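Given next, in structure tokens, is a single chain: the form deposited in one PDB entry.
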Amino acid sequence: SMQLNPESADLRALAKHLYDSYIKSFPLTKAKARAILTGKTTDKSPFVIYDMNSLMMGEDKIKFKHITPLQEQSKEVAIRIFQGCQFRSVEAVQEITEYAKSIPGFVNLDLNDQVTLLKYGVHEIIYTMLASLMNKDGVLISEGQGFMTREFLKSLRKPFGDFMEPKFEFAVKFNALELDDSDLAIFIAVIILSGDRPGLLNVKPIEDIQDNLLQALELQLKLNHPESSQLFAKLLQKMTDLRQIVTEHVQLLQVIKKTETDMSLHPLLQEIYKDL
């Protein structure tokens, strides 16, 4: 039932629209991240953080293009890294919000529904896109100017040693699906337009957009992945997986909130966590 008809031409036009918007919204694509990770890039190598010495050298070398005040710098290494992650998460929320506004029909939704979809959506999208920046050894940071090792992150004192490991475990399995940016543009759109998010006023309009994104995604995967007939079904399970990874992350933050009372959680992230 794969046919070239006006319906399929419209679904290919939607896929290209989303790809083009995704390129504009997300500075470091998966294509450029893989080229850095394999060394295939002509770019200067990222600075590698693999121990305490290289962490402190990296803090001098990596132009984080972000102000960490004296009171934050005074914090121990684990809290500095965690506060860095929190800062990047807030930036990612901004990028994902600009991408969502490019999804046809999204800006026409009630502004409260746009905020709800983004509130419940953004962490699922952050873990999806973080996989693009990961291999089994570590994760690219600071728009690919740095690379932090998986074992260096595991070595941070409890509870900080556990926060990234679940994202690496998700990423190694997700990356084995070999999605490209063209696939991910549509996958992320599908997740954002989830009609079962709590406190949505107008469900039917979101479901109607999502159904069309799901058709565009299924057609993209069939064209772009002749090596697998399972990939669409496998991505539907990744969507359900992501909700449980976010649950787990929120529970970790609660432990951090209770047992590390000193520490400062970003007020914008606190708002999002309120009802996850």
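Only residues modelled in both forms are compared. All residue numbers refer to positions in the sequence shown, first residue = 1. Just so we're on the same page, rigid core means the largest C-alpha set that superposes within 1.5 Å between forms.
Among other compared entries that model residues flanking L70, a third or more give it no coordinates.
When the two stretches 246-254 and 219-227 are set side by side, the higher mean Cα temperature factor goes to 246-254. A summary of the deposited B-factors shows that, of 135-143 and 110-118, the stretch with the larger mean C-alpha value is 110-118. Of the residues listed, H123, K204, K173, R150, the entry assigns the biggest Cα temperature factor to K204.
For the set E169, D183, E72, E95, the PDB entry assigns the largest Cα B-factor to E72. When the modelled residues of the chain are ordered by C-alpha B-factor, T38 sits in the highest third.
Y50: CA B factor in the lowest third of modelled residues in this chain (values from the PDB entry). Among the modelled residues of its chain, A15 has a C-alpha B-factor that falls in the lowest third, as given in the PDB entry. Sorting the modelled residues of the chain by their CA temperature factor places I192 in the lowest third. In the deposited entry, the Cα temperature factor of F82 sits in the middle third of values across the chain's modelled residues.
Omitted from view is the form deposited with a partner chain bound, to which the following refers.
The shortest heavy atom separation between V77 and its partner chain in the deposited complex exceeds 4.5 Å. At a distance threshold of 4.5 angstroms between non-hydrogen atoms, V93 is in contact with its partner chain in the deposited complex. Taking the partner from the other structure, its partner chain in the deposited complex has no heavy atom within 4.5 Å of any heavy atom of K136. Interface membership of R150, defined by any non-hydrogen atom within 4.5 Å of its partner chain in the deposited complex, is ruled out. Proximity to its partner chain in the deposited complex, defined as a heavy atom within 4.5 Å, holds among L118, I81, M164, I188 only for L118. For the residues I141, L184, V122, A131, the 4.5 Å heavy atom test against its partner chain in the deposited complex is passed only by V122. Shown here without its partner, the chain carries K101, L111 and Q114, all of which come within 4.5 Å of its partner chain in the deposited complex through at least one heavy atom. Once both forms are fitted on their rigid core, the CA atom of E165 lies less than 2 Å apart between the shown form and the other one. Remark: with the core as the superposition reference, the CA shift of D208 between the shown form and the other one stays below 2 Å. Annotation: Cα of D10 displaced by less than 2 Å between the shown form and the other one, core superposition. Relative to the shown form, the Cα atoms of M164 and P267 move together by 3 Å or more in the deposited complex. In the deposited complex, the CA atoms of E271 and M134 sit closer together than in the displayed form, by at least 3 angstroms. Displacement of the C-alpha atoms by 2 Å or more across three or more consecutive residues between the shown form and the other one, following core superposition, is confined to the runs 47-66, 74-91, 155-157, 253-276.
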